[PDB]
Amino acid sequence: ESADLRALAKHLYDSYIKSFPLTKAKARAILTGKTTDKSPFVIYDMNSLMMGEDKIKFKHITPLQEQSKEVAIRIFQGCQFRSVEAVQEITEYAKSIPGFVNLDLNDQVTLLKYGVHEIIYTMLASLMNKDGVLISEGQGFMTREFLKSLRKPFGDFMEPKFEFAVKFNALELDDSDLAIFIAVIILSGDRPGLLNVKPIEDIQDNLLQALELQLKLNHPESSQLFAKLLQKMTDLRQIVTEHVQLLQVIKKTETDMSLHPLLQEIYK
Amino acid sequence: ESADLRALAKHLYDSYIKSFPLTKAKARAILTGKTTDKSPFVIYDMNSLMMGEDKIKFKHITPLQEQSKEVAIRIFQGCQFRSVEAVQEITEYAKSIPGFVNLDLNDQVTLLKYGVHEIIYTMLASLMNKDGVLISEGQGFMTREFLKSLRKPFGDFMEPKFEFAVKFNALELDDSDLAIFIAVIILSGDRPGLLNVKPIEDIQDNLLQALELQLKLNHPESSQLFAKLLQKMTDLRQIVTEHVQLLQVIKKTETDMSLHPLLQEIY
Ligand SMILES: O=C(O)[C@H](Cc1ccc(-c2ccccc2)cc1)Oc1ccc(-c2ccccc2)cc1
């Protein structure tokens, strides 16, 4: 019966809300300006950056850079802390996924290990528009151009994201939809090291049906969306892959940089 | 209307047959399956390879392994020769997919250029099983072991395909299913340099609709088969991408040989 999928649809949207403070909806309301209830301070140049710390809560170094942790770093390190906070949230959302907490704990760990970032970059799409990405719970907004215009081993970090995001937001999906999609991303099974695929495959199979229907109802006039959406899961894999190697480059550049353990562990 | 799709699917099935000599069905019967009416010649040992040129018309080389060109290469350069026949077999099939031709000539070429490797490794899983892959018009059968016992680079070459294949075959798809699947791969749409996507996506949307029903009316007991088949295309995009990585190193090997250029152009 569908009614059960719809109920499952309802269940996941409900945990999504409880788990993530900045829903795509809050985010877009901030970007589309129209609803100028609260607009973001815009960081487009080093000048703005220093200013931003003033306007927004930035415990980083506002004044001089180079000799005391340059900008490129503080932004990257500032970025680090956000992923972690992202991981704690996604981890929190997984638990609410029917059947996820009853899987071999080892598996649960593997699913989060490989799922976290494809999910991080999908949610990130929600905070991005052709020209930039919201930061600090939406209080700020940092330009795509300003980001691309960063140092050699740091300016190449976001561009690929933006590209995936521009074509992804293209599908015009909303939170109710992402809720299930990230759930499907989590219960993969092609993950290296899994011990009991079938039980995992058995849940994802239920999620997908839930998605199929969700996309059908939420997007009638949108032909073949479900099919186009699953294919998007391929763009992610690449992004991650490019993300880790470019990441390795850093390890060598600045051996004085420290990768947050919760992230150091996840990577492999 | 389900009538037009059922038609489209049959149309594609009919074409796929005329274009592809060795069908899964065929290869299957032959493989680990029985149907032993003409058992295929096996190549499990460095010695079974040699003497394999006697029967099994190989249009590319004679058996000679003794300080006179290595085996790994002779085999590697064989997979190529065959893939090139493949490309042609695919080009014909591509040209029978409704709308395909009425597409910008540059778009057709682009679609073909990037979607050919994925189509191959998909069809290669037809001729494979966890123990080995069917060779030469299905006349032969080279062992997985042997391929894994090849040269250093040439070693971790086919393995990633054997693993993809095992998992792909698990889906237990038939030629009627594969036929529509191949088309969907071709008419992708997110290919670099395309000029006019709309017509492309429009035809794929249609092929995706066709595939869905196809799988519905042939694997009912199967669940979310469509979804799972679609997420297999990512494992494909990966096989091919990782295949240029193990192929880029080959350039750093056998290429600069004064006597062999007219052959380098062919590939
Ligand atoms: O983290 C974010 O919210 C954004 C988008 C983003 C970018 C990259 C990732 C990322 C995810 C996993 C590993 C590495 C990076 C995750 C999110 O990137 C930012 C970069 C800098 C800042 C920033 C924070 C404080 C002061 C100045 C800039 C904010 C966001």
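Residue numbering for chain B follows Swiss-Prot; the residues present correspond to positions 235-501, in that order.
Looking at the header, which is where the method is noted, we find X-ray crystallography, 2.5 Å.
Just so you know, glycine gets a Cβ as well, placed from its N, Cα and C.
Taken from Swiss-Prot, the feature rosiglitazone binding site applies to B:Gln314, B:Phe315, B:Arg316, B:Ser317, B:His351, B:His477, B:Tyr501. Residues annotated as ubiquitin cross-link in Swiss-Prot, with experimental evidence given as evidence: B:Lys252.
Distribution of Swiss-Prot features across the structure.
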{"residue": "B:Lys252", "record": "ubiquitin cross-link", "CB count, 10 Å": "10"}
{"residue": "B:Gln314", "record": "rosiglitazone binding site", "CB count, 10 Å": "14"}
{"residue": "B:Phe315", "record": "rosiglitazone binding site", "CB count, 10 Å": "16"}
{"residue": "B:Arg316", "record": "rosiglitazone binding site", "CB count, 10 Å": "16"}
{"residue": "B:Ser317", "record": "rosiglitazone binding site", "CB count, 10 Å": "16"}
{"residue": "B:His351", "record": "rosiglitazone binding site", "CB count, 10 Å": "20"}
{"residue": "B:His477", "record": "rosiglitazone binding site", "CB count, 10 Å": "16"}
{"residue": "B:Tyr501", "record": "rosiglitazone binding site", "CB count, 10 Å": "9"}
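Reported as a whole number, the C-alpha separation between B:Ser317 (rosiglitazone binding site) and the residue listed as 'ubiquitin cross-link' equals 18 Å. B:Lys252 (ubiquitin cross-link) and B:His477 (rosiglitazone binding site) are 29 Å apart (CA-CA, integer value). Cα to Cα, B:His351 (rosiglitazone binding site) and B:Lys252 (ubiquitin cross-link) are separated by 20 Å. You'll find the Cα of B:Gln314 (rosiglitazone binding site) roughly 22 Å from the Cα of the residue listed as 'ubiquitin cross-link'. Between the CA atoms of B:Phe315 (rosiglitazone binding site) and B:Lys252 (ubiquitin cross-link) there is a gap of 21 Å. Counted over all residue pairs in B:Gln314, B:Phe315, B:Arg316, B:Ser317, B:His351, B:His477, B:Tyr501, the record's binders of rosiglitazone, the longest Cα to Cα distance measures 16 angstrom.
The CA atom of the residue listed as 'ubiquitin cross-link' is located 18 Å away from the CA atom of B:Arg316 (rosiglitazone binding site).
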